[PDB]
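Have a look at the structure below, then the notes.
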Ligand SMILES: Nc1ncnc2c1ncn2[C@@H]1O[C@H](COP(=O)(O)OP(=O)(O)NP(=O)(O)O)[C@@H](O)[C@H]1O
Ligand SMILES: Nc1ncnc2c1ncn2[C@@H]1O[C@H](COP(=O)(O)OP(=O)(O)NP(=O)(O)O)[C@@H](O)[C@H]1O
Ligand SMILES: [Mg+2]
Ligand SMILES: [Mg+2]
């Protein structure tokens, strides 16, 4: 049948590209600098084969001159420029990107990496300007003026009233009556620092005597190998990408080659606030709101990532959904894990790294599952054998005897409450080391690990059993069977406050304590859960080697299982053991009342 | 001078709209259903003036008949259809939207609201298909076939081998090999539920026996009159917009007819979800990730918002930054405040609502400032006179005596620990009501309020002054200096644990108590801060009329300022006051050992 070619309504496509493509109206400056950088890259590539191309204009720069008295923001560069034909075919045709044609026409293997590849970015200037007066000048042509008012047609006339420029393009922007904000120095500097910070060419800005100030003093470091970059340059780079005042603690500069090519310079700060990783394609900032490239627990680091094969959208403000995001996320996680392992080789630097980002590492163990074993070796806690220095789990399993098959730890509110806990005497009598956990997020990660190099993590606050000789077990069972009336009477006294009352030999000096029941929340977990602003079973055991329990035993033998004088004593002892174990004290008024009664008894007053 | 018209490269403009824009590949179905809905709206408006237009096909529907045998996802509708000239200019031209041409040619007082306003949405089908065969049929022309290969030209041939449809368009989408996922019923139903759920015209889908199933069974309610909607319809609408299984508690259906006309049906769930509010433009879901649309503390509210004059971008997945979302946020906040006030008029309804979203309201008092006084009326807490039922702040200040100027409250870990706290007897003697704060987020709101109807919020756990008579102030000053040597000796024993020790008359039944101070954190605030997963000063007081303090007074009169038996009592009583006030002990081992010493002394243990 009949065949027709596709057409495009210019009077509607122009408004479609200008108004309904870009969300913000400040990226017009970023696109103009990107076009100027592409022109300078073209004239530089032409200068490598012919040095006479820079005789007219030797300096390569981009000059921006705001004029509030004339309502014009001029954009002047010293690039290759546009001839009479380029002002019609390249600049006058929508979706025509001559920068793409220049990139595909050069010989394979060039070092240049230009930015423009769509062909409609130049029309973004009309979002803040009504009429434009772009002036071009090429070495192989005269000086012309490209005038437009975002209408249906454009006018190109020979320049005979303006100054004779050497080489480059002068983009005269007549701003609208409601877009005068872009004539201020602070607004221009903010747009540059946000979108046009790491351009390879100097961005000169005319500020008020008139002077020129460069807005891109900091050069990108991802274009150089990590072998010839000093630490001060890394500190300046970190202070430039972020508003932080302190130098980065550690820098990780890697480069992945092969099917995916991308470079990233990830920095580790010196403090924690309790996204951050910027994305750069063709030396231009695209977006920083992609949460899928970096995990939430790992979002404490700062830095930028440079790439060239990312499928950028038309607006150049973000990227499409692709499978490369998972690849770059895995690479960043692996490189940061390697960086953490390198920091672990040092003692002074890793101390600051752990004291500043312990929560992030412990979160990495809690949520993440693939790198859980790698992050478990970075945990540092105190123990009975290490009171001052922090000891890892790798050094913990080395000091474990041949008969110990489990890793013992303990949680609590503070370090002073767990260092003198009544659950440590039994483990120290057997020369068993017990770790110390003082942060509320420690148990959230220890409940996910449940194993380290084959050693099961056992919490001493919960119920647990220890191996012993058959003779000791036979003697302990014959002692437990005779304390049975005491535990039975004490259970009836406590009522439903505890699950059961059994004799425990894991207490030497403490008279009694309350443990957990191997399941549910522990003594510290329920305290953390009942204290969150945005958001189990207990067992009472006594020690048969304490004089207090020995005196309580002879009370039920004479018929004192239901006396009124003993009830006050056993209830107060239960609430005291409840406090020393880490549980929540319900109704402290009766506790204080009984305490005051003993005070009166000790002060000889009734 | 030389004037030239703007041009557009077809081979590049097409590629611009095939990879850059429409970052998601599943929205091709949404756009095609929107085009079918526009065609049906056209034929429905044409039927209002000529009923004979629907004689060829009376039914109005969109049929989705997948065919995995030949890898085609054909979409058939019964809209107005396109003629021979419409398949060239309306469909074959980029950025040409005949739907906009039909909208601008509408009569005065039209009611139809069509979706098509750009003209590039039809070309989104090439994201998953390599070639299309659009079969159109209009009442004023013959049945033609519009074929394309996503290249630079298209072919239009007269239909001779396909079905002789009555009226509408048939779009044969030959899906690519890597995009065969859209041939299953699950993917089609998910895309329809995500974007094309609330289309006014029925969407038919062939599920393979060949049977048809309507996907858009839930009709929208924002177009109908809110006063005519029943509760079951609101429940069914809530079950469709959200995956929740519980019925909505309260529904707020309002419509603002100001400078920006928009409809919104906000629902109140029954459980806290710890975005949620979806945005619709002309019965089309665009996005649900709007930040400025709803505050953070208000994210628990579910519902949808329908607007018409919104700056839709090219991809129709976000709004442009035109500073128009602030008025929508303000209207939503105001309407939900009115909704909460209406819920407060009912007893059982507000009891069910406050029991599920108390933290959300308290967080709203914490961060929000413009509606802080409005949200303060919804705060419900217990008190000494309201131990059973909840009481607001208005009912609290109405029962305040004429000589009370401050609102007294108390915070603690639980309600049983604050109902008998020794800080209540001082206010109970003056017949002053004291609120009970049992949640960790209550102080974060009470610190931001600081006042309610001129009454200053004063925490009784902190240092505060009570009004007294000169006859009582005289005897208080006479007895304060009498106890001064006891306080000096007690401070010398306590050391740096407390700042100062003052004889406070705000204690009647307790021998002593400890407070934080006048400024800074409270007793429970520092405990919550030290118990958070992502994350002081003390003033000691005594009661001069207690037998314990009266006996301790005579101890220092005989030279007992530095005895060995008084320091044990001093430390023990200090930790007891530290317990009853809501703090945490420095070490429970020392407290447990001291209590065990009392037990040995009481049990005559030598
Ligand atoms: N300042 C300039 N100096 C010289 N040539 C320029 C300048 N600005 C634009 N051009 C030319 O005009 C063409 C049109 O560019 P433009 O419409 O901005 O889109 P693009 O830069 O080519 N691709 P993109 O940046 O992704 O939108 C460029 O390819 C250059 O050849
Ligand atoms: N199924 C259809 N039946 C009849 N006419 C149709 C159909 N699909 C598209 N058209 C016509 O083709 C035109 C092109 O529409 P399209 O390219 O999809 O963008 P649009 O819908 O007009 N505007 P937008 O939805 O914002 O992209 C429409 O305006 C209709 O006039
Ligand atoms: Mg450009
Ligand atoms: Mg469309």
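Residue numbers (the deposited numbering), protein chains in the order written: chain B, 3 to 210, 260 to 325, 335 to 595, 605 to 675; chain A, 3 to 210, 260 to 325, 335 to 595, 605 to 675.
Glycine included, each C-beta is placed from N, C-alpha and C at the ideal position.
Beta-carbon neighbours of residue i, restricted to chain B and to distances below 7 Å
i                      : result
residue 10 of chain A  : 10, 12, 15, 95, 96, 97
residue 157 of chain A : 3, 5
residue 476 of chain A : 655, 656
residue 121 of chain A : 14
Neighbouring residues, chain B, relative to residue i (Cβ below 8 Å)
i                      : result
residue 480 of chain A : 656, 658
residue 504 of chain A : 593
Residue i Cβ short of 7 Å to ligand 4 heavy atom set
i                      : result
residue 138 of chain A : no
residue 118 of chain A : yes
Under 7 Å by beta carbon: chain A residues contacting residue i
i                      : result
residue 419 of chain B : 594
residue 373 of chain B : 22, 23, 25
residue 501 of chain B : 593
residue 664 of chain B : 645
residue 649 of chain B : 657, 658, 661
Endpoints, beta strand (DSSP E) assigned at residue i
i                      : result
residue 121 of chain A : Segment: none, residue 121 of chain A is in no beta strand (DSSP E) and carries neither H nor E.
residue 466 of chain A : 466-471
residue 426 of chain B : Counting along the chain, residue 426 of chain B falls outside any beta strand (DSSP E), though it belongs to the alpha helix (DSSP H) covering 418-426.
residue 293 of chain A : Unbroken run through residue 293 of chain A: none, as it is neither H nor E.
Minimum C-alpha distance to residue i - residue among the options
i                      : options                    : result
residue 475 of chain B : B:13, B:321, B:651, B:104  : B:651
residue 362 of chain A : A:346, A:291, A:48, A:541  : A:291
residue 214 of chain A : A:622, A:380, A:206, A:562 : Any question about the placement of residue 214 of chain A has no answer from these coordinates, since chain A jumps from 210 to 260.
residue 8 of chain A   : B:5, B:16, B:4             : B:16
residue 507 of chain B : B:554, B:582, B:542        : B:582
residue 26 of chain A  : A:85, A:4, A:346, A:148    : A:346
residue 153 of chain A : A:128, A:175, A:144, A:293 : A:128
residue 48 of chain B  : B:22, B:95, B:105          : B:105
Residue i: CB within 7 Å of a non-hydrogen atom of ligand 3
i                      : result
residue 36 of chain B  : yes
residue 33 of chain B  : yes
residue 124 of chain B : yes
Secondary structure of residue i, DSSP reduced to three states
i                      : result
residue 38 of chain B  : helix
residue 5 of chain B   : strand
residue 411 of chain B : helix
residue 319 of chain A : strand
residue 455 of chain A : helix
residue 504 of chain A : helix
residue 235 of chain A : No atoms of residue 235 of chain A appear, because in chain A residue 210 is followed directly by 260.
residue 440 of chain B : coil
residue 145 of chain B : strand
residue 193 of chain B : helix
residue 283 of chain B : helix
Check: residue i C-beta below 7 Å from any heavy atom of ligand 2
i                      : result
residue 93 of chain A  : yes
residue 16 of chain B  : no
residue 279 of chain B : no
residue 79 of chain A  : yes
residue 430 of chain B : no
residue 504 of chain A : no
residue 585 of chain B : no
Segment limits, alpha helix (DSSP H) that includes residue i
i                      : result
residue 340 of chain A : Looking at the DSSP string, residue 340 of chain A is not in any alpha helix (DSSP H); the run it does join, the beta strand (DSSP E), is 337-341.
residue 529 of chain A : Here residue 529 of chain A belongs to no alpha helix (DSSP H), and DSSP marks it neither H nor E.
residue 660 of chain B : 657-671
residue 363 of chain B : No alpha helix (DSSP H) contains residue 363 of chain B, which is instead part of the beta strand (DSSP E) from 362-367.
Within chain A, partners of residue i - CB distance below 9 Å
i                      : result
residue 365 of chain B : Correct list: empty, because the minimum Cβ distance to chain A is about 19 Å.
Any non-hydrogen atom of ligand 1 within 7 Å of residue i CB
i                     : result
residue 82 of chain B : yes
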